[PDB]
>>> print(open('start06.txt').read())   # compact mmCIF, N, CA and C atoms
# COMPACT_ATOMS: atom_id res chain seq x y z
N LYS A 1 0.82 -1.17 0.00
CA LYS A 1 0.00 0.00 0.00
C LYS A 1 0.85 1.22 0.00
N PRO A 2 0.42 2.36 -0.46
CA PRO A 2 1.06 3.61 -0.17
C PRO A 2 0.63 4.17 1.14
N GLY A 3 1.19 5.33 1.54
CA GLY A 3 0.64 6.14 2.58
C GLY A 3 1.11 5.87 3.96
N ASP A 4 2.44 5.78 4.20
CA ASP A 4 3.02 5.66 5.50
C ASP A 4 3.44 6.99 6.01
N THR A 5 3.16 7.33 7.28
CA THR A 5 3.43 8.62 7.84
C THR A 5 4.80 8.71 8.43
N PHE A 6 5.38 9.92 8.49
CA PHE A 6 6.56 10.17 9.26
C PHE A 6 6.51 11.54 9.82
N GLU A 7 6.99 11.68 11.07
CA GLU A 7 7.36 12.91 11.70
C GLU A 7 8.82 13.11 11.46
N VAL A 8 9.19 14.21 10.78
CA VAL A 8 10.52 14.49 10.36
C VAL A 8 11.06 15.59 11.21
N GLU A 9 11.89 15.23 12.21
CA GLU A 9 12.50 16.12 13.14
C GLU A 9 13.84 16.52 12.61
N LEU A 10 13.84 17.48 11.67
CA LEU A 10 14.97 17.80 10.86
C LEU A 10 15.62 19.06 11.30
N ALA A 11 16.96 19.05 11.42
CA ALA A 11 17.75 20.22 11.63
C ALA A 11 18.38 20.62 10.34
N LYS A 12 18.56 21.94 10.10
CA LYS A 12 19.22 22.40 8.93
C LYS A 12 20.68 22.12 8.88
N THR A 13 21.28 22.12 7.67
CA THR A 13 22.69 22.05 7.48
C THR A 13 23.12 23.36 6.93
N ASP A 14 23.76 24.19 7.77
CA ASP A 14 24.03 25.59 7.62
C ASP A 14 23.06 26.39 6.82
N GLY A 15 21.81 26.48 7.29
CA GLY A 15 20.80 27.27 6.65
C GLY A 15 20.11 26.68 5.48
N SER A 16 20.30 25.38 5.18
CA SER A 16 19.63 24.70 4.12
C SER A 16 18.82 23.53 4.57
N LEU A 17 17.58 23.43 4.08
CA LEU A 17 16.76 22.26 4.19
C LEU A 17 16.95 21.33 3.04
N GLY A 18 16.64 21.74 1.79
CA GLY A 18 16.91 20.98 0.60
C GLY A 18 15.70 20.42 -0.05
N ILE A 19 14.56 21.13 0.01
CA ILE A 19 13.30 20.74 -0.55
C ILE A 19 12.77 21.79 -1.45
N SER A 20 12.33 21.40 -2.66
CA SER A 20 11.55 22.21 -3.54
C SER A 20 10.15 21.68 -3.50
N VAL A 21 9.23 22.41 -2.84
CA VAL A 21 7.86 22.02 -2.68
C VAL A 21 6.95 22.89 -3.49
N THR A 22 5.78 22.36 -3.89
CA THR A 22 4.89 23.02 -4.79
C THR A 22 3.48 22.62 -4.54
N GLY A 23 2.50 23.22 -5.24
CA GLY A 23 1.14 22.79 -5.21
C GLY A 23 0.19 23.84 -4.72
N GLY A 24 -0.63 23.48 -3.72
CA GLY A 24 -1.62 24.32 -3.12
C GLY A 24 -2.99 24.01 -3.59
N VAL A 25 -3.97 24.87 -3.25
CA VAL A 25 -5.35 24.71 -3.57
C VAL A 25 -5.83 25.60 -4.67
N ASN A 26 -5.31 26.84 -4.78
CA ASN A 26 -5.89 27.85 -5.60
C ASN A 26 -5.30 27.93 -6.97
N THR A 27 -4.27 27.13 -7.28
CA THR A 27 -3.45 27.27 -8.44
C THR A 27 -3.94 26.39 -9.54
N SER A 28 -3.05 25.74 -10.32
CA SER A 28 -3.42 24.83 -11.36
C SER A 28 -3.90 23.52 -10.84
N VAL A 29 -3.28 22.98 -9.78
CA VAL A 29 -3.56 21.66 -9.31
C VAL A 29 -4.82 21.55 -8.53
N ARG A 30 -5.67 20.58 -8.91
CA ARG A 30 -6.94 20.29 -8.31
C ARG A 30 -6.82 19.64 -6.98
N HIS A 31 -5.74 18.88 -6.75
CA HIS A 31 -5.57 17.97 -5.66
C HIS A 31 -5.56 18.55 -4.29
N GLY A 32 -5.18 19.83 -4.13
CA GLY A 32 -5.30 20.54 -2.89
C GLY A 32 -4.32 20.12 -1.84
N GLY A 33 -3.02 20.41 -2.05
CA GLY A 33 -2.02 20.04 -1.10
C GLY A 33 -0.67 20.44 -1.56
N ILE A 34 0.34 20.31 -0.68
CA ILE A 34 1.70 20.69 -0.92
C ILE A 34 2.48 19.44 -1.18
N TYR A 35 3.25 19.39 -2.28
CA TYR A 35 3.92 18.21 -2.72
C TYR A 35 5.36 18.50 -2.93
N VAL A 36 6.24 17.50 -2.74
CA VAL A 36 7.63 17.62 -3.07
C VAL A 36 7.85 17.49 -4.54
N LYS A 37 8.46 18.51 -5.17
CA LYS A 37 8.82 18.49 -6.55
C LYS A 37 10.18 17.91 -6.75
N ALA A 38 11.18 18.39 -5.99
CA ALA A 38 12.53 17.97 -6.15
C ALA A 38 13.29 18.05 -4.87
N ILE A 39 14.40 17.29 -4.76
CA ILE A 39 15.25 17.25 -3.61
C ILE A 39 16.60 17.78 -3.96
N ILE A 40 17.02 18.85 -3.26
CA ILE A 40 18.18 19.63 -3.58
C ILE A 40 19.46 18.98 -3.19
N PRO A 41 20.40 18.66 -4.03
CA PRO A 41 21.56 17.91 -3.66
C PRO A 41 22.44 18.59 -2.66
N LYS A 42 22.77 17.88 -1.57
CA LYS A 42 23.51 18.32 -0.43
C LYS A 42 22.68 19.05 0.58
N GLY A 43 21.34 18.87 0.58
CA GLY A 43 20.49 19.36 1.62
C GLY A 43 20.39 18.48 2.81
N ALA A 44 19.94 19.04 3.95
CA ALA A 44 19.48 18.34 5.11
C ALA A 44 18.43 17.31 4.87
N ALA A 45 17.28 17.75 4.32
CA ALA A 45 16.11 17.01 3.99
C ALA A 45 16.38 16.01 2.93
N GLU A 46 17.10 16.46 1.88
CA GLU A 46 17.65 15.64 0.86
C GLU A 46 18.32 14.38 1.30
N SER A 47 19.42 14.51 2.06
CA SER A 47 20.20 13.40 2.52
C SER A 47 19.55 12.55 3.56
N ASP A 48 18.56 13.07 4.31
CA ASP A 48 17.79 12.36 5.28
C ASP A 48 17.06 11.20 4.70
N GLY A 49 16.15 11.44 3.74
CA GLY A 49 15.56 10.40 2.96
C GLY A 49 14.26 9.86 3.47
N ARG A 50 13.70 10.44 4.55
CA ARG A 50 12.31 10.28 4.85
C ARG A 50 11.50 11.14 3.95
N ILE A 51 12.04 12.31 3.57
CA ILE A 51 11.51 13.18 2.57
C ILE A 51 12.13 12.84 1.25
N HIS A 52 11.32 12.76 0.18
CA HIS A 52 11.82 12.49 -1.13
C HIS A 52 10.84 12.94 -2.16
N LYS A 53 11.26 13.13 -3.42
CA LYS A 53 10.40 13.75 -4.39
C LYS A 53 9.18 12.97 -4.72
N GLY A 54 8.03 13.67 -4.79
CA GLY A 54 6.75 13.06 -4.94
C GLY A 54 6.03 12.74 -3.67
N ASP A 55 6.53 13.10 -2.48
CA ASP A 55 5.76 12.95 -1.29
C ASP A 55 4.75 14.03 -1.07
N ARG A 56 3.81 13.81 -0.14
CA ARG A 56 2.78 14.74 0.21
C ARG A 56 3.01 15.23 1.60
N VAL A 57 3.08 16.56 1.76
CA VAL A 57 3.32 17.20 3.01
C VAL A 57 2.04 17.37 3.75
N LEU A 58 2.04 17.14 5.07
CA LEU A 58 0.89 17.27 5.91
C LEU A 58 1.00 18.52 6.72
N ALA A 59 2.12 18.70 7.44
CA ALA A 59 2.26 19.83 8.31
C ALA A 59 3.67 20.27 8.47
N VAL A 60 3.86 21.58 8.71
CA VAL A 60 5.12 22.21 8.95
C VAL A 60 5.13 22.84 10.30
N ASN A 61 5.87 22.25 11.27
CA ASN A 61 6.11 22.76 12.58
C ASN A 61 4.87 22.99 13.36
N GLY A 62 3.88 22.08 13.19
CA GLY A 62 2.56 22.20 13.72
C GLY A 62 1.54 22.59 12.71
N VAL A 63 1.89 23.34 11.66
CA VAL A 63 0.92 24.03 10.86
C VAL A 63 0.42 23.16 9.76
N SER A 64 -0.89 22.87 9.72
CA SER A 64 -1.49 22.03 8.74
C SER A 64 -1.50 22.69 7.40
N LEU A 65 -0.81 22.11 6.40
CA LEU A 65 -0.57 22.77 5.16
C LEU A 65 -1.69 22.66 4.19
N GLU A 66 -2.74 21.90 4.52
CA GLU A 66 -3.88 21.71 3.67
C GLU A 66 -4.76 22.91 3.63
N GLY A 67 -4.88 23.52 2.44
CA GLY A 67 -5.60 24.74 2.23
C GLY A 67 -4.68 25.89 1.97
N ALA A 68 -3.40 25.79 2.37
CA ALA A 68 -2.40 26.75 2.04
C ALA A 68 -2.01 26.71 0.60
N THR A 69 -1.62 27.87 0.03
CA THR A 69 -1.22 27.98 -1.34
C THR A 69 0.24 27.78 -1.51
N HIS A 70 0.74 27.88 -2.76
CA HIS A 70 2.09 27.61 -3.16
C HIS A 70 3.08 28.49 -2.48
N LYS A 71 2.83 29.81 -2.45
CA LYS A 71 3.60 30.77 -1.74
C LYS A 71 3.75 30.52 -0.28
N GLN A 72 2.64 30.21 0.42
CA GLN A 72 2.58 30.01 1.84
C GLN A 72 3.53 28.97 2.35
N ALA A 73 3.53 27.76 1.76
CA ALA A 73 4.43 26.71 2.11
C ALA A 73 5.87 27.02 1.87
N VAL A 74 6.19 27.76 0.79
CA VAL A 74 7.52 28.19 0.50
C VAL A 74 7.99 29.19 1.50
N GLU A 75 7.19 30.23 1.80
CA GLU A 75 7.50 31.22 2.79
C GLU A 75 7.61 30.66 4.17
N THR A 76 6.76 29.67 4.50
CA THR A 76 6.79 28.91 5.71
C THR A 76 8.08 28.19 5.91
N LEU A 77 8.55 27.42 4.91
CA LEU A 77 9.81 26.76 4.94
C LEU A 77 10.98 27.68 5.00
N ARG A 78 10.92 28.83 4.30
CA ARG A 78 11.91 29.86 4.33
C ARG A 78 12.05 30.45 5.69
N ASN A 79 10.92 30.70 6.37
CA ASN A 79 10.84 31.21 7.71
C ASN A 79 10.85 30.13 8.73
N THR A 80 11.72 29.11 8.58
CA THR A 80 11.99 28.12 9.57
C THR A 80 13.27 28.44 10.27
N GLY A 81 13.44 27.94 11.51
CA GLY A 81 14.60 28.14 12.32
C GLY A 81 15.59 27.04 12.19
N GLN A 82 16.32 26.72 13.28
CA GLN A 82 17.31 25.70 13.29
C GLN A 82 16.78 24.31 13.18
N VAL A 83 15.88 23.90 14.10
CA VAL A 83 15.24 22.62 14.08
C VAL A 83 13.84 22.81 13.61
N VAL A 84 13.44 21.96 12.65
CA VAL A 84 12.25 22.06 11.84
C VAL A 84 11.48 20.79 11.98
N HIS A 85 10.22 20.87 12.45
CA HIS A 85 9.45 19.71 12.78
C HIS A 85 8.37 19.44 11.79
N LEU A 86 8.60 18.60 10.77
CA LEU A 86 7.66 18.30 9.74
C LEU A 86 6.81 17.11 10.03
N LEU A 87 5.65 17.01 9.35
CA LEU A 87 4.88 15.81 9.22
C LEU A 87 4.61 15.57 7.77
N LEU A 88 4.88 14.36 7.24
CA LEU A 88 4.60 14.05 5.87
C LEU A 88 4.22 12.63 5.66
N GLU A 89 3.74 12.29 4.45
CA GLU A 89 3.26 10.99 4.11
C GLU A 89 3.91 10.44 2.89
N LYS A 90 4.31 9.16 2.94
CA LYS A 90 5.01 8.44 1.91
C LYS A 90 4.12 8.00 0.80
N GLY A 91 3.76 8.96 -0.07
CA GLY A 91 3.11 8.74 -1.32
C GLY A 91 1.63 8.62 -1.26
N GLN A 92 0.95 9.12 -2.31
CA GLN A 92 -0.41 8.83 -2.61
C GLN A 92 -0.49 7.75 -3.64
N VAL A 93 0.07 8.04 -4.83
CA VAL A 93 0.08 7.19 -5.97
C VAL A 93 1.41 6.54 -6.12
N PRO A 94 1.55 5.27 -6.36
CA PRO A 94 2.83 4.68 -6.63
C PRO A 94 3.40 5.02 -7.97
>>> encode(input="start06.txt", output="structure tokens")
Amino acid sequence: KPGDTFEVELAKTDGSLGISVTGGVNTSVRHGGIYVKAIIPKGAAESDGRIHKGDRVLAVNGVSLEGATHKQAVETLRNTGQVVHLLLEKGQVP
């Protein structure tokens, strides 16, 4: 089955996470959520590997990302501190 959850208790590697996330509700995509587009080589999140491209994000540091737009999640991740507490899910579609 798809759809295994993880809490990602991630610390940055000198100011980098390493995630390119996209999506939202109001834009082109019907699906209504924030998704991983790509994983930035030599990132924190990148090398961790609980996060990987094509996953679905649930929450950022408490904040439920469902209903948030493309900008919001990006700005949210940008405005993260040292230790970053994510929640995400291992795939919708295989």
>>> atom_distance(input="start06.txt", atom1="atom CA of residue 86 of chain A", atom2="atom C of residue 63 of chain A")
8.7 Å
>>> closest_residue(input="start06.txt", among="A:28, A:78, A:71, A:20", to="residue 53 of chain A", atoms="only N, CA and C atoms")
A:20
>>> atom_distance(input="start06.txt", atom1="atom C of residue 36 of chain A", atom2="atom CA of residue 82 of chain A")
21.8 Å
>>> closest_residue(input="start06.txt", among="A:79, A:22, A:13, A:92", to="residue 65 of chain A", atoms="only C-alpha atoms")
A:22
>>> atom_distance(input="start06.txt", atom1="atom CA of residue 42 of chain A", atom2="atom CA of residue 27 of chain A")
29.5 Å
>>> select_by_dssp(input="start06.txt", residues="chain A", states="strand (DSSP E)", output="short mmCIF file (atom, residue, chain, number, x, y, z; two decimals) with N, CA and C atoms, in the coordinates of the input")
data_model
loop_
_atom_site.label_atom_id
_atom_site.label_comp_id
_atom_site.auth_asym_id
_atom_site.auth_seq_id
_atom_site.Cartn_x
_atom_site.Cartn_y
_atom_site.Cartn_z
N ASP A 4 2.44 5.78 4.20
CA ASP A 4 3.02 5.66 5.50
C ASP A 4 3.44 6.99 6.01
N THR A 5 3.16 7.33 7.28
CA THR A 5 3.43 8.62 7.84
C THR A 5 4.80 8.71 8.43
N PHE A 6 5.38 9.92 8.49
CA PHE A 6 6.56 10.17 9.26
C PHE A 6 6.51 11.54 9.82
N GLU A 7 6.99 11.68 11.07
CA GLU A 7 7.36 12.91 11.70
C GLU A 7 8.82 13.11 11.46
N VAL A 8 9.19 14.21 10.78
CA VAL A 8 10.52 14.49 10.36
C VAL A 8 11.06 15.59 11.21
N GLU A 9 11.89 15.23 12.21
CA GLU A 9 12.50 16.12 13.14
C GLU A 9 13.84 16.52 12.61
N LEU A 10 13.84 17.48 11.67
CA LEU A 10 14.97 17.80 10.86
C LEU A 10 15.62 19.06 11.30
N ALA A 11 16.96 19.05 11.42
CA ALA A 11 17.75 20.22 11.63
C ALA A 11 18.38 20.62 10.34
N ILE A 19 14.56 21.13 0.01
CA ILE A 19 13.30 20.74 -0.55
C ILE A 19 12.77 21.79 -1.45
N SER A 20 12.33 21.40 -2.66
CA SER A 20 11.55 22.21 -3.54
C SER A 20 10.15 21.68 -3.50
N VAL A 21 9.23 22.41 -2.84
CA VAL A 21 7.86 22.02 -2.68
C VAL A 21 6.95 22.89 -3.49
N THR A 22 5.78 22.36 -3.89
CA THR A 22 4.89 23.02 -4.79
C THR A 22 3.48 22.62 -4.54
N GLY A 23 2.50 23.22 -5.24
CA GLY A 23 1.14 22.79 -5.21
C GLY A 23 0.19 23.84 -4.72
N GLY A 24 -0.63 23.48 -3.72
CA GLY A 24 -1.62 24.32 -3.12
C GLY A 24 -2.99 24.01 -3.59
N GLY A 33 -3.02 20.41 -2.05
CA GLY A 33 -2.02 20.04 -1.10
C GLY A 33 -0.67 20.44 -1.56
N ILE A 34 0.34 20.31 -0.68
CA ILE A 34 1.70 20.69 -0.92
C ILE A 34 2.48 19.44 -1.18
N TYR A 35 3.25 19.39 -2.28
CA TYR A 35 3.92 18.21 -2.72
C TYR A 35 5.36 18.50 -2.93
N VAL A 36 6.24 17.50 -2.74
CA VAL A 36 7.63 17.62 -3.07
C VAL A 36 7.85 17.49 -4.54
N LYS A 37 8.46 18.51 -5.17
CA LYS A 37 8.82 18.49 -6.55
C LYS A 37 10.18 17.91 -6.75
N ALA A 38 11.18 18.39 -5.99
CA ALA A 38 12.53 17.97 -6.15
C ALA A 38 13.29 18.05 -4.87
N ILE A 39 14.40 17.29 -4.76
CA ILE A 39 15.25 17.25 -3.61
C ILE A 39 16.60 17.78 -3.96
N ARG A 56 3.81 13.81 -0.14
CA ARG A 56 2.78 14.74 0.21
C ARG A 56 3.01 15.23 1.60
N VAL A 57 3.08 16.56 1.76
CA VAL A 57 3.32 17.20 3.01
C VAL A 57 2.04 17.37 3.75
N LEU A 58 2.04 17.14 5.07
CA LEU A 58 0.89 17.27 5.91
C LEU A 58 1.00 18.52 6.72
N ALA A 59 2.12 18.70 7.44
CA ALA A 59 2.26 19.83 8.31
C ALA A 59 3.67 20.27 8.47
N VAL A 60 3.86 21.58 8.71
CA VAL A 60 5.12 22.21 8.95
C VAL A 60 5.13 22.84 10.30
N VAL A 63 1.89 23.34 11.66
CA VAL A 63 0.92 24.03 10.86
C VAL A 63 0.42 23.16 9.76
N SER A 64 -0.89 22.87 9.72
CA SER A 64 -1.49 22.03 8.74
C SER A 64 -1.50 22.69 7.40
N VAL A 83 15.88 23.90 14.10
CA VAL A 83 15.24 22.62 14.08
C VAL A 83 13.84 22.81 13.61
N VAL A 84 13.44 21.96 12.65
CA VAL A 84 12.25 22.06 11.84
C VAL A 84 11.48 20.79 11.98
N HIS A 85 10.22 20.87 12.45
CA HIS A 85 9.45 19.71 12.78
C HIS A 85 8.37 19.44 11.79
N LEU A 86 8.60 18.60 10.77
CA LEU A 86 7.66 18.30 9.74
C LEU A 86 6.81 17.11 10.03
N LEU A 87 5.65 17.01 9.35
CA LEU A 87 4.88 15.81 9.22
C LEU A 87 4.61 15.57 7.77
N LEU A 88 4.88 14.36 7.24
CA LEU A 88 4.60 14.05 5.87
C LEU A 88 4.22 12.63 5.66
N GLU A 89 3.74 12.29 4.45
CA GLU A 89 3.26 10.99 4.11
C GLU A 89 3.91 10.44 2.89
N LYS A 90 4.31 9.16 2.94
CA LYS A 90 5.01 8.44 1.91
C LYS A 90 4.12 8.00 0.80
#
>>> closest_residue(input="start06.txt", among="A:9, A:70, A:44, A:62", to="residue 21 of chain A", atoms="all atoms listed in the file")
A:70
>>> select_by_dssp(input="start06.txt", residues="chain A", states="helix (DSSP H, G or I)", output="PDB file with N, CA and C atoms, keeping the file's coordinate frame")
ATOM      1  N   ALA A  44      19.940  19.040   3.950  1.00  0.00           N
ATOM      2  CA  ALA A  44      19.480  18.340   5.110  1.00  0.00           C
ATOM      3  C   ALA A  44      18.430  17.310   4.870  1.00  0.00           C
ATOM      4  N   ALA A  45      17.280  17.750   4.320  1.00  0.00           N
ATOM      5  CA  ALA A  45      16.110  17.010   3.990  1.00  0.00           C
ATOM      6  C   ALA A  45      16.380  16.010   2.930  1.00  0.00           C
ATOM      7  N   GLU A  46      17.100  16.460   1.880  1.00  0.00           N
ATOM      8  CA  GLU A  46      17.650  15.640   0.860  1.00  0.00           C
ATOM      9  C   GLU A  46      18.320  14.380   1.300  1.00  0.00           C
ATOM     10  N   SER A  47      19.420  14.510   2.060  1.00  0.00           N
ATOM     11  CA  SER A  47      20.200  13.400   2.520  1.00  0.00           C
ATOM     12  C   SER A  47      19.550  12.550   3.560  1.00  0.00           C
ATOM     13  N   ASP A  48      18.560  13.070   4.310  1.00  0.00           N
ATOM     14  CA  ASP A  48      17.790  12.360   5.280  1.00  0.00           C
ATOM     15  C   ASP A  48      17.060  11.200   4.700  1.00  0.00           C
ATOM     16  N   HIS A  70       0.740  27.880  -2.760  1.00  0.00           N
ATOM     17  CA  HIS A  70       2.090  27.610  -3.160  1.00  0.00           C
ATOM     18  C   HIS A  70       3.080  28.490  -2.480  1.00  0.00           C
ATOM     19  N   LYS A  71       2.830  29.810  -2.450  1.00  0.00           N
ATOM     20  CA  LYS A  71       3.600  30.770  -1.740  1.00  0.00           C
ATOM     21  C   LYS A  71       3.750  30.520  -0.280  1.00  0.00           C
ATOM     22  N   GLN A  72       2.640  30.210   0.420  1.00  0.00           N
ATOM     23  CA  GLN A  72       2.580  30.010   1.840  1.00  0.00           C
ATOM     24  C   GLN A  72       3.530  28.970   2.350  1.00  0.00           C
ATOM     25  N   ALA A  73       3.530  27.760   1.760  1.00  0.00           N
ATOM     26  CA  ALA A  73       4.430  26.710   2.110  1.00  0.00           C
ATOM     27  C   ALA A  73       5.870  27.020   1.870  1.00  0.00           C
ATOM     28  N   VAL A  74       6.190  27.760   0.790  1.00  0.00           N
ATOM     29  CA  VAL A  74       7.520  28.190   0.500  1.00  0.00           C
ATOM     30  C   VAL A  74       7.990  29.190   1.500  1.00  0.00           C
ATOM     31  N   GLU A  75       7.190  30.230   1.800  1.00  0.00           N
ATOM     32  CA  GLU A  75       7.500  31.220   2.790  1.00  0.00           C
ATOM     33  C   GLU A  75       7.610  30.660   4.170  1.00  0.00           C
ATOM     34  N   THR A  76       6.760  29.670   4.500  1.00  0.00           N
ATOM     35  CA  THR A  76       6.790  28.910   5.710  1.00  0.00           C
ATOM     36  C   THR A  76       8.080  28.190   5.910  1.00  0.00           C
ATOM     37  N   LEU A  77       8.550  27.420   4.910  1.00  0.00           N
ATOM     38  CA  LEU A  77       9.810  26.760   4.940  1.00  0.00           C
ATOM     39  C   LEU A  77      10.980  27.680   5.000  1.00  0.00           C
ATOM     40  N   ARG A  78      10.920  28.830   4.300  1.00  0.00           N
ATOM     41  CA  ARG A  78      11.910  29.860   4.330  1.00  0.00           C
ATOM     42  C   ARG A  78      12.050  30.450   5.690  1.00  0.00           C
TER      43      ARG A  78
END
>>> closest_residue(input="start06.txt", among="A:80, A:8, A:3, A:29", to="residue 51 of chain A", atoms="only N, CA and C atoms")
A:8
>>> closest_residue(input="start06.txt", among="A:52, A:45, A:66, A:57", to="residue 11 of chain A", atoms="only N, CA and C atoms")
A:45
>>> build_atoms(input="start06.txt", residues="segment 56-72 of chain A", atoms="N, CA, C and O atoms", output="mmCIF file, in the frame of the given file")
data_model
loop_
_atom_site.group_PDB
_atom_site.id
_atom_site.type_symbol
_atom_site.label_atom_id
_atom_site.label_comp_id
_atom_site.auth_asym_id
_atom_site.auth_seq_id
_atom_site.Cartn_x
_atom_site.Cartn_y
_atom_site.Cartn_z
ATOM 1 N N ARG A 56 3.810 13.810 -0.140
ATOM 2 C CA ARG A 56 2.780 14.740 0.210
ATOM 3 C C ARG A 56 3.010 15.230 1.600
ATOM 4 O O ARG A 56 3.121 14.463 2.554
ATOM 5 N N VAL A 57 3.080 16.560 1.760
ATOM 6 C CA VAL A 57 3.320 17.200 3.010
ATOM 7 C C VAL A 57 2.040 17.370 3.750
ATOM 8 O O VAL A 57 0.993 17.663 3.164
ATOM 9 N N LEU A 58 2.040 17.140 5.070
ATOM 10 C CA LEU A 58 0.890 17.270 5.910
ATOM 11 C C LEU A 58 1.000 18.520 6.720
ATOM 12 O O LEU A 58 0.101 19.355 6.709
ATOM 13 N N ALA A 59 2.120 18.700 7.440
ATOM 14 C CA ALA A 59 2.260 19.830 8.310
ATOM 15 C C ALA A 59 3.670 20.270 8.470
ATOM 16 O O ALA A 59 4.614 19.478 8.376
ATOM 17 N N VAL A 60 3.860 21.580 8.710
ATOM 18 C CA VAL A 60 5.120 22.210 8.950
ATOM 19 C C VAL A 60 5.130 22.840 10.300
ATOM 20 O O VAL A 60 4.487 23.853 10.563
ATOM 21 N N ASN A 61 5.870 22.250 11.270
ATOM 22 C CA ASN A 61 6.110 22.760 12.580
ATOM 23 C C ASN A 61 4.870 22.990 13.360
ATOM 24 O O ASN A 61 4.730 23.961 14.104
ATOM 25 N N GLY A 62 3.880 22.080 13.190
ATOM 26 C CA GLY A 62 2.560 22.200 13.720
ATOM 27 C C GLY A 62 1.540 22.590 12.710
ATOM 28 O O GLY A 62 0.370 22.224 12.856
ATOM 29 N N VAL A 63 1.890 23.340 11.660
ATOM 30 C CA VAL A 63 0.920 24.030 10.860
ATOM 31 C C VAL A 63 0.420 23.160 9.760
ATOM 32 O O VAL A 63 1.195 22.712 8.912
ATOM 33 N N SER A 64 -0.890 22.870 9.720
ATOM 34 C CA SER A 64 -1.490 22.030 8.740
ATOM 35 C C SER A 64 -1.500 22.690 7.400
ATOM 36 O O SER A 64 -2.100 23.749 7.216
ATOM 37 N N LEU A 65 -0.810 22.110 6.400
ATOM 38 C CA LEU A 65 -0.570 22.770 5.160
ATOM 39 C C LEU A 65 -1.690 22.660 4.190
ATOM 40 O O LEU A 65 -1.663 23.255 3.107
ATOM 41 N N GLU A 66 -2.740 21.900 4.520
ATOM 42 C CA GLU A 66 -3.880 21.710 3.670
ATOM 43 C C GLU A 66 -4.760 22.910 3.630
ATOM 44 O O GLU A 66 -5.300 23.359 4.637
ATOM 45 N N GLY A 67 -4.880 23.520 2.440
ATOM 46 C CA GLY A 67 -5.600 24.740 2.230
ATOM 47 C C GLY A 67 -4.680 25.890 1.970
ATOM 48 O O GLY A 67 -5.086 26.902 1.400
ATOM 49 N N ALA A 68 -3.400 25.790 2.370
ATOM 50 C CA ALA A 68 -2.400 26.750 2.040
ATOM 51 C C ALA A 68 -2.010 26.710 0.600
ATOM 52 O O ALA A 68 -2.067 25.678 -0.059
ATOM 53 N N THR A 69 -1.620 27.870 0.030
ATOM 54 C CA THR A 69 -1.220 27.980 -1.340
ATOM 55 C C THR A 69 0.240 27.780 -1.510
ATOM 56 O O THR A 69 0.977 27.505 -0.566
ATOM 57 N N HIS A 70 0.740 27.880 -2.760
ATOM 58 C CA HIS A 70 2.090 27.610 -3.160
ATOM 59 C C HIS A 70 3.080 28.490 -2.480
ATOM 60 O O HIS A 70 4.083 28.012 -1.944
ATOM 61 N N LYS A 71 2.830 29.810 -2.450
ATOM 62 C CA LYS A 71 3.600 30.770 -1.740
ATOM 63 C C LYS A 71 3.750 30.520 -0.280
ATOM 64 O O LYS A 71 4.855 30.573 0.254
ATOM 65 N N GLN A 72 2.640 30.210 0.420
ATOM 66 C CA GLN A 72 2.580 30.010 1.840
ATOM 67 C C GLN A 72 3.530 28.970 2.350
ATOM 68 O O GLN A 72 4.301 29.235 3.265
#
